[PDB]
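Enquirer: Whatever this is, show me its structure:
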Amino acid sequence: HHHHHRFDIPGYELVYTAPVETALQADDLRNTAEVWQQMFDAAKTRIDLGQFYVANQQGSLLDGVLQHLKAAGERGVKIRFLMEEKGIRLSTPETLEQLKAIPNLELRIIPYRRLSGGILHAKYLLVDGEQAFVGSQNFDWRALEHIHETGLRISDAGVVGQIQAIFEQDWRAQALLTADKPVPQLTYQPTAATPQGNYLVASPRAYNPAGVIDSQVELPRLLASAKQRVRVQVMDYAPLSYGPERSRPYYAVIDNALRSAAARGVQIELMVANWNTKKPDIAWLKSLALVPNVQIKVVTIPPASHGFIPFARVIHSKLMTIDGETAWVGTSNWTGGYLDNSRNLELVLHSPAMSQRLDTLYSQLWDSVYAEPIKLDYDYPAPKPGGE
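Expert: Numbering: from 1, shown residues only. Sure, structure below:
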């Protein structure tokens, strides 16, 4: 059993990268780079990628990923790569040129703010309309090596079809925006039946194809249904949006649901990155730590031995388990901007098997030397994710 090197439930495989040089390895989960390479190798017709940005360093694991993507293009696979305009400033320009040089690849840059005010933040892949990948992993060499990252390879046809429809929607929207043509909003047509089983949730509502569950509705519904324990891991948690003139207006949707669950006696566990201990966010995090039944830990991943790496050595997985029975694996941090006005994707799996494996992964981090309880009395130094 022990030497089985992957974890699946029907329709879903759990895919995981631990930072190198940490006690966070999971030999039973396939890692991001190996899964992406195999997904590209299996492509016979189409590969679609929706990404926030593209960042590379010569000699990284992303080089192999890009090699397999290029080989797919050379094989005659049509590749459509959609990236957020705000991601350009985060991207490696040479890597963007390499992508454009792949045969049969079209690269489109979408300013998703012209649609809903936020960004294309989702990180996902589609192969032949048959398989998808959704996860925290950016198209970034650091996501493959230096960051705690979690995603799902999806073969559930219904869900893949919805992700494909979202990609098609945003691809065509990019072309309409380029021509200064209107992008019509999509009618909100929710199914009256309560969601069951395994399903996609997505944002923003206004550009969700028919029948795609609005994540901003579903996350509070899921939290309202919790009876015993909610465990959450994000990079960032804040009841705040990023507004004009650097303002940070209050954002209540998620925080109300967590506080409501806590008030019903549900135990809340929350893990965030040390990057989240910046001001003002740390004050609100301390505020949440005083709520009954809430425990918060801050996770610090140590630097890699060869030296400081900007915007790396951090936890990035966006995970939730409810009652050890329901699992959430998403692209969104839990602040304003993600579920309301940005393109994000989250998977909800009412799967005891997946929830148990995710709870083991969560406990591994929670119980590690990298996680420590929030300290109410401590003046957290400004994180310097970029350095110094």
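Enquirer: I'd like to know how many residues surround residue 312.
Expert: By other C-beta atoms under 10 Å, the residues close to residue 312 number 20. All C-beta spots, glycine's among them, are computed from the backbone N, C-alpha and C.
Enquirer: so who does residue 68 touch?
Expert: Counting by C-beta atoms under 8 Å, 6 or more residues apart in numbering, residue 68 makes contact with 36-37, 40-41.
Enquirer: scratch that, residue 212 is what I was asking about
Expert: Here residue 212 is in contact with 162, 165-166, 200-202 (C-beta under 8 Å, 6+ apart).
Enquirer: mind redoing it with 6 Å?
Expert: Neighbouring residues of residue 212 by C-beta atoms under 6 Å, 6 or more residues apart in numbering: 162, 202.
Enquirer: oh, and call the first residue 57 from now on, that's how I've got it
Expert: Taking 57 as the first residue, the last one we looked at is residue 268.
Enquirer: what about it, distance to residue 250?
Expert: 16 Å (C-beta to C-beta, to the nearest Å).
Enquirer: Just give me the closest of the contacts of residue 124 to residue 172.
Expert: Residue 172 lies nearest to residue 92 out of these, by C-beta to C-beta, at 27.8 Å.
Enquirer: where's that closest one, which helix or strand?
Expert: In this assignment (DSSP states H and E), residue 92 forms part of helix 88-97.
Enquirer: Buried ones in that helix, by neighbour count?
Expert: 88-93, 95-96 (16 or more other C-beta atoms under 10 Å).
Enquirer: And stretch 173-180, by the same measure?
Expert: Residues of stretch 173-180 classed as buried: 174-180 (neighbour count, 16+ other C-beta under 10 Å).
Enquirer: Could you list the alpha-carbon positions for that stretch in PDB?
Expert: As requested, the backbone C-alpha atoms of stretch 173-180 are provided in PDB (Å, rounded to 0.1, in the frame of the first residue of the first chain):
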ATOM      1  CA  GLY A 173     -12.600  44.800 -11.500                       C
ATOM      2  CA  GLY A 174     -10.200  42.100 -10.300                       C
ATOM      3  CA  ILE A 175      -7.800  39.800 -12.000                       C
ATOM      4  CA  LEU A 176      -7.500  36.400 -13.700                       C
ATOM      5  CA  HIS A 177      -6.000  34.700 -10.700                       C
ATOM      6  CA  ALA A 178      -7.000  31.100 -11.400                       C
ATOM      7  CA  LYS A 179      -4.200  28.700 -12.100                       C
ATOM      8  CA  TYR A 180      -5.500  25.900 -14.300                       C
END
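Enquirer: what does it rub up against?
Expert: Contact with stretch 173-180 is made by 106-108, 140, 142, 166, 168, 190-191, 193-194, 387, 393, 397-401, as judged by C-beta under 6 Å, 6+ apart.
Enquirer: Counting only helices, which of these make the cut?
Expert: If you go by DSSP state H, the contacts of stretch 173-180 have nothing in helices.
Enquirer: hmm, back to that, so how far is the helix holding residue 92 from its chain's centroid?
Expert: 18 Å (C-alpha atoms, centre = their mean, to the nearest Å).
Enquirer: can you tell me which residues contact residue 399?
Expert: Contacts of residue 399 (C-beta under 6 Å, 6+ apart): 168, 176, 178.
Enquirer: Now the first one. Nearest residue, chain neighbours left out?
Expert: If I follow you right, that is residue 168. Excluding the flanking residues, the one nearest residue 168 by C-beta to C-beta, 6 or more residues apart in numbering is residue 176, at 4.2 Å.
Enquirer: bridging residues for the one you found?
Expert: residue 399 (DSSP bridges).
Enquirer: Report the separation between it and residue 242.
Expert: 16 Å.
Enquirer: What is the burial count for residue 428?
Expert: With other C-beta under 10 Å as criterion, residue 428 counts 12.
Enquirer: cool, residue 271 as well?
Expert: 27.
Enquirer: Backbone dihedrals for it, both of them.
Expert: phi -60, psi -30 (degrees, to the nearest 10).
Enquirer: Without its sequence neighbours, what residue ends up closest to it?
Expert: residue 257 (3.8 Å).
Enquirer: beta partners for the one you found?
Expert: Legend: beta-bridge partners of residue 257 under DSSP bridges are residue 269, residue 402.
Enquirer: you'd agree it is up against residue 272?
Expert: No - Residue 257 is beyond contact range of residue 272, at 8.7 Å (criterion: C-beta atoms under 6 Å).
Enquirer: These two - which one has more neighbours?
Expert: Taking neighbours as other C-beta under 10 Å, residue 257 and residue 272 compare with residue 257 leading, 26 against 20.
Enquirer: Please tell me how far residue 126 sits from residue 102.
Expert: 15 Å.
Enquirer: just residue 236 next, same as before
Expert: Taking C-beta to C-beta, one finds residue 236 at 28 Å from residue 102.
Enquirer: so where do the helices sit in the stretch 257-406 of the chain?
Expert: Taking DSSP state H, counting those that start in this stretch as the criterion, the stretch 257-406 of the chain carries its helices at 271-281, 309-319, 337-345.
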